Number of protein chains: 2
Amino acid sequence: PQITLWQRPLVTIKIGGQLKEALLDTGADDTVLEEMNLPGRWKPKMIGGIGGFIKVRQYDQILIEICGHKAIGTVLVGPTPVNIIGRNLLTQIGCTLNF
Amino acid sequence: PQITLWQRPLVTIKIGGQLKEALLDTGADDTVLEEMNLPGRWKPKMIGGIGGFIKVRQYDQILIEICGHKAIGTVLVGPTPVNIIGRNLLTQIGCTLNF
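Residues numbered from 1 in each chain as written, not as in the entry; some residues may be left out. Chains lettered and ligands numbered in written order. Heavy atoms only, no water.

- As summarised from the PDB record, the model derives from X-ray crystallography at a stated resolution of 2.40 Å.

- For chain A, the PDB entry supplies the name HIV-1 PROTEASE and the organism Human immunodeficiency virus 1.
- The title field of the PDB entry reads "HIV-1 PROTEASE COMPLEXED WITH THE INHIBITOR HOE/BAY 793 ORTHORHOMBIC FORM".

### Notes on the pattern of salt bridges
And step 1. Applying the stated criterion to the full structure yields 7 salt bridges over all chains.
And step 2. The shortest N-O distance in the salt bridge between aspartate 30 of chain A and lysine 45 of chain A comes to 3.4 Å. Taken together, the residues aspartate 30 of chain A in the loop between strand 3 (18–24) and strand 4 (31–33) and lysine 45 of chain A in strand 5 (residues 43–48) connect sequence positions 15 residues apart.
And step 3. Residue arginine 57 of chain A pairs with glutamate 35 of chain A through a salt bridge whose shortest N-O separation is 2.7 Å. Of the two residues, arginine 57 of chain A is situated in strand 6 (residues 53–66) and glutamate 35 of chain A in the loop between strand 4 and strand 5; the sequence distance between them amounts to 22 residues.
And step 4. Among the charged side chains, a salt-bridge network with shared partners connects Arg8 of chain A together with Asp29 and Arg87 of chain B. (Salt bridge = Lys/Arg side-chain N within 4 Å of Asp/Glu carboxyl O. Helix = DSSP H or I, 4+ residues; strand = E, 2+ residues; numbered from the N terminus.)

### Notes on the relation of the copies chain B and chain A
And step 1. Of the transformation placing chain B onto chain A, the axial shift is 0.3 Å and the rotation is 178°, giving an RMSD of 0.7 Å. Taken together, the turn and the small shift mark the pair as related by a two-fold rotation axis.
And step 2. Counting the interface residues of chain B, we find that 94% of their copies in chain A are interface residues as well, pointing to one common contact surface. (Least-squares fit on C-alpha atoms. Contact = heavy atoms within 4.5 Å.)

### With respect to the sheet that holds strand 1 (residues 2–4) of chain A
And step 1. Spatially, the 4 strands line up as an open sheet ordered 1(A)-9(B)-9(A)-1(B), and their pairing is antiparallel. Strand pairing shows two members of the sheet lacking a second neighbour, strand 1 of chain A together with strand 1 (2–3) of chain B, which therefore form its edges.
And step 2. Bridging between strand 9 (residues 96–98) of chain A and strand 9 (residues 96–98) of chain B involves 3 bridges; their strand directions are antiparallel. Directly across from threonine 96 of chain A, in strand 9 of chain B, lies its bridge partner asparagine 98 of chain B. (Pairing = 2+ DSSP bridges.)

The structure is reproduced here in structure tokens:
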């Protein structure tokens, strides 16, 4: 599709047979999801934004379907009002910004 | 231009005939630029992200230039560690996320 920015670019994604809402974020290096149970062993990771830095948990090779588009990679889990899809996944589904 | 997300979508902007560098962020509602001095009255605002909330100075009917195109909008000035172009101006230069 072509997502415009009059409103937040929210999309439905699927993870573990679950449909959830996510935000397509060109300003995020990594994908950050809300608190949830993912398969496996995590390592610790630090990420920074406005407020500063926080330590999140990280899982590898996680499958997420974005608008019927399969992507597989690193997902971070930490506190957020929304799941965030960063360029690590947006590249995969093939998203670009046009103007 | 059509931008890829292999790398951060950083662009050059021209603000107060001073030409900074900023990242096209669709995760951002508003535009927030590190500290500087612009004309007009500013009103305090408080914006939140990873790591929390910072207090910024809000200015309106501020003119910016993103890759040629002229946009008008509110712009928040403050303690960001990277200049961010948000939805508020991205729409003005008619940017879309495509996949």
